[PDB]
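Residue numbers (the working numbering), protein chains in the order written: chain C, 1 to 285; chain Y, 1001 to 1285.
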Amino acid sequence: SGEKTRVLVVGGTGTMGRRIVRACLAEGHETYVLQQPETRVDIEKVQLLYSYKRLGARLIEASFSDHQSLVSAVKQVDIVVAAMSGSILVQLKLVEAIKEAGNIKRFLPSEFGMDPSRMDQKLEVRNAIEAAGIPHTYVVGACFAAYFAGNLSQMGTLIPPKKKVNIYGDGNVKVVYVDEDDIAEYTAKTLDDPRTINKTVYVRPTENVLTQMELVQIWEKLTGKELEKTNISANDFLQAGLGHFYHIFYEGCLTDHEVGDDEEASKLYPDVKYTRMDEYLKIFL
Amino acid sequence: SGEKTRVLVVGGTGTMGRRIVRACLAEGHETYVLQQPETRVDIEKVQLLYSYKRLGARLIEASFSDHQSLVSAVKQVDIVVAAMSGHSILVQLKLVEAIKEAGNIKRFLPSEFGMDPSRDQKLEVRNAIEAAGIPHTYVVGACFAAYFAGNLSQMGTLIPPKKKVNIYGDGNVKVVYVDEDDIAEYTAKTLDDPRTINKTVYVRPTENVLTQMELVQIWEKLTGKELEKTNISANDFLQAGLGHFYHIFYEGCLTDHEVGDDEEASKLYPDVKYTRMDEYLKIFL
Ligand SMILES: NC(=O)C1=CN([C@@H]2O[C@H](COP(=O)(O)OP(=O)(O)OC[C@H]3O[C@@H](n4cnc5c(N)ncnc54)[C@H](OP(=O)(O)O)[C@@H]3O)[C@@H](O)[C@H]2O)C=CC1
Ligand SMILES: NC(=O)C1=CN([C@@H]2O[C@H](COP(=O)(O)OP(=O)(O)OC[C@H]3O[C@@H](n4cnc5c(N)ncnc54)[C@H](OP(=O)(O)O)[C@@H]3O)[C@@H](O)[C@H]2O)C=CC1
Ligand SMILES: COc1cc([C@@H]2OC[C@@H]3[C@H]2CO[C@H]3c2ccc(O)c(OC)c2)ccc1O
Ligand SMILES: COc1cc([C@@H]2OC[C@@H]3[C@H]2CO[C@H]3c2ccc(O)c(OC)c2)ccc1O
């Protein structure tokens, strides 16, 4: 009990933040969630925060505009994980508090997407972490399955289309589709792993490196219906999100480099039986 | 299984609606959830909807602007429960027209779950329900605990204040504070109860009939801290939100008429061990 790693989760009601909270709990960490002052009446956010208490988490009230409150929060833990909307730069206030507190064994900033160093506020946050001497882990390299797999990678929707589907280019560019729950579980496992201190950890589970046509074909196999496919050229492709989609599906930024086993989450943590996309898609049938 | 009541929940990703979905499942009803077209990318809404399928619910796609899709949906069930946001209410007039044409529905519980509007959009929905001869149950008479108890009935916040509290009048007007989960469980139990056909069901669990001062004193006993109290007179209090608090806390509209055992949820369903407010408030300590 006294040898549990203590983790503060910042952004604990976010999409990835809420999963990190539960993953830290499931991993046995003594888990604390930053409780920011209310900005409005927001019942869903409040009930989510207090539901963590029933699971055994603690809430720590603090405000990013009150440096003392951040220092006091981080003094109660060994590791900080942030998962802010991308409010990336608000983490600079967090870095300053960590630097002053002095007790933090590791900081995991709000990454969980493309590696920005291969492409940013995130790099600005990385530079402050490193300048301060705060030990770090950067979790990168996967598309959230909810945002790119459940919709067969169509923009503007989160569910599989009924008959028509746009194919980017020839849909033969490899993409990394990972269940958000698995990203959170890999994060909970890696944050006190001595092997990943001051490392970038790539989330690239081998069987989930799929081209978009491969993903569409997983779905066509589950439904028994071929979809009507329209290919979109890079020029015709060139609104929120275009030019994330471009880098991913045309440039293949998630798969244009190899990753060693010592830096890849599914090899670092082989007991995590990550969700393959055929299983992920079954919920939509 | 063939003896299950089939229930369609309209508004199933809302605050009350999500609880009604789960309470209908926990009661053993064969549960359907209206799936409206996406109006945006909404990760939380989509994932809540599909999470119901893992619990055994089914999704029926329909749209309020497509009359025939609503007719198709309600023909698949026996009972419809609506819990739309408090325009939104008037959308139910479409639903009534679809239920009237479909002809198969045994009961419709419209979106009530608060002040009795017989004493306006809710009343207009009631009139259309009754004109169409659709059997109904109106579930009324309680303040959601999350909106009125966890904040000690202060406005603008959902958690207990740390030092100061506004008391409305002398704070000796009886209010009804009920955990939303209990409201949803009463709703699931009453929707096929022969005793409540064409009736109003008041959710007034006896030990949760409390003045604001009694609620504040419950909190002070749990915390051992006396709060600084400012009494706000009726005249000074004296907008829709303000009008709601005025009717509840100054006019006592939830408790000024007594209710018979045959029309009050806690007496009709005495097996529901409703959360008393001393237990409700403990999650905030
Ligand atoms: N396919 C992929 O790889 C994806 C990658 N990502 C990345 O994941 C990370 C998290 O994004 P996501 O989970 O969608 O985040 P969210 O939109 O869910 O927001 C997460 C948390 O941000 C906090 N927040 C927002 N604004 C502020 C603010 N001004 N001040 C203080 N706190 C604030 C809030 O914390 P609180 O809960 O305390 O209120 C919020 O809950 C991001 O880096 C994102 O780039 C996200 C989507 C897809
Ligand atoms: N203290 C009390 O007694 C309380 C009483 N209430 C009452 O409870 C009932 C539900 O309120 P609440 O739980 O807060 O509702 P919500 O605001 O949580 O929303 C409920 C559902 O409304 C549907 N909706 C909203 N607009 C539309 C629209 N134009 N067209 C179609 N569907 C729409 C959506 O359903 P979908 O899920 O399909 O997307 C939404 O999920 C109301 O009658 C309210 O007056 C509410 C608060 C406190
Ligand atoms: C995969 O790496 C990232 C992903 C994103 C995720 O693409 C930006 C976002 C996002 C997911 O939501 C994607 C998006 C933008 C516009 C859309 O219409 C969309 O539809 C699913 C999805 C954000 C930052 C990243 O580094
Ligand atoms: C019977 O109770 C009702 C409650 C409301 C709930 O009071 C109107 C609303 C609402 C909850 O959110 C309440 C509210 C409005 C403004 C606020 O500042 C507020 O702070 C908690 C709370 C809606 C309709 C009702 O019939």
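From the three backbone atoms N, C-alpha and C, an ideal C-beta is built for every residue, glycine too.
Interface positions of the segment 153–167 of chain C facing chain Y (Cβ-Cβ less than 8 Å), listed along the chain: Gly156, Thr157, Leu158 and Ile159
Exposed unless 16 or more other CB atoms sit within 10 angstroms - verdict on residue 289 (chain C): Residue 289 (chain C) is absent from the model: chain C starts at 1 and stops at 285.
Reduced DSSP secondary structure (H/G/I, E/B, other) of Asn235 (chain C): Look at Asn235 (chain C) here: in three-state DSSP terms it is helix.
Proximal residues of chain Y, C-beta to C-beta of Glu38 (chain C) below 9 Å: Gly1156, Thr1157, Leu1158 and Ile1159
Beta-carbon proximity check, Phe249 (chain C) vs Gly169 (chain C), cutoff 9 Å: yes
Proximal residues of chain Y, C-beta to C-beta of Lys53 (chain C) below 7 Å: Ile1283
Under 8 Å from the C-beta of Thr15 (chain C): neighbouring residues of chain Y: In chain order: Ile1043 and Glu1044.
N- and C-terminal bounds of the alpha helix (DSSP H) containing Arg126 (chain C): Looking at the DSSP string, the run of the alpha helix (DSSP H) that includes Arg126 (chain C) is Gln121 to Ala131.
Min CB distance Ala57 (chain C) to chain Y below 9 Å: no
Expected contact under 8 Å - CB spacing of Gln91 (chain C) and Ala82 (chain C) to nearest Å: Sure, about 6 Å apart at Cβ, within 8 Å.
CB contact below 9 Å: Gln47 (chain C) versus chain Y: yes
Segment contact flag, the segment 114–134 of chain C with the segment 146–163 of chain C, C-beta cutoff 8 Å, min 3 pairs: no
Other residues of its chain near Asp181 (chain C): CB distance less than 8 Å, five sequence neighbours each side excluded: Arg19, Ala23 and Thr275
C-alpha distance - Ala101 (chain C) paired with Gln1047 (chain Y), whole-angstrom precision: C-alpha separation (whole angstroms): 38 Å.
Contact with chain C by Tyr1246 (chain Y), beta-carbon distance below 9 Å: no
contact_flag[the segment 1200–1207 of chain Y, the segment 1138–1151 of chain Y] where n(CB pairs < 8 Å) is 3 or more: Contact holds: three or more Cβ-Cβ distances are below 8 Å.
Secondary structure of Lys53 (chain C), DSSP reduced to three states: helix
Beta-carbon neighbours of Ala146 (chain C), restricted to chain Y and to distances below 8 Å: The contacting residues are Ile1043, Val1046 and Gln1047.
Nearest neighbour of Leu1070 (chain Y), chosen from Y:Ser1001, Y:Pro1037, Y:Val1175 and Y:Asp1262 [CA to CA]: Y:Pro1037
Cross-chain neighbours of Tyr1050 (chain Y) in chain C, by beta carbon under 9 Å: Here the neighbours are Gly150, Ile159, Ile283 and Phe284.
Alpha carbon of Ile1183 (chain Y) to alpha carbon of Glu279 (chain C), nearest angstrom: 36 Å
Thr1196 (chain Y), buried or exposed, once every other Cβ within 10 Å from all chains shown has been counted against 16: buried
Inter-residue spacing [alpha-carbon to alpha-carbon] between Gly260 (chain C) and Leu8 (chain C): 29 Å
Cα-Cα separation between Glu3 (chain C) and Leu1222 (chain Y), rounded to whole angstroms: 32 Å
Proximal residues to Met1213 (chain Y) (C-beta, below 7 Å), its chain only, five neighbours per side dropped: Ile1167, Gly1171 and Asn1172
Reduced DSSP secondary structure (H/G/I, E/B, other) of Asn103 (chain C): Coil, per DSSP.
DSSP-derived helix/strand/coil call for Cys1024 (chain Y): helix
According to DSSP, residues forming a beta bridge with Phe1144 (chain Y): Y:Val1178
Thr1157 (chain Y) beta carbon near ligand 4 (any heavy atom closer than 8 Å): yes
Cβ-heavy atom distance, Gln35 (chain C) to ligand 1, below 8 Å: yes
Of the listed residues C:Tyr246, C:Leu25 and C:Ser63, nearest to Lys93 (chain C) (C-alpha basis): C:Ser63
Buried/exposed call for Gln68 (chain C), threshold 16 Cβ in 10 Å: exposed
Reduced DSSP category for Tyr1269 (chain Y) - H, G, I as helix; E, B as strand; rest coil: Reduced to three states, the DSSP call for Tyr1269 (chain Y) is coil.
Straight-line Cα distance separating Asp1193 (chain Y) from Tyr1186 (chain Y): Cα to Cα, the separation comes out at about 11 Å.
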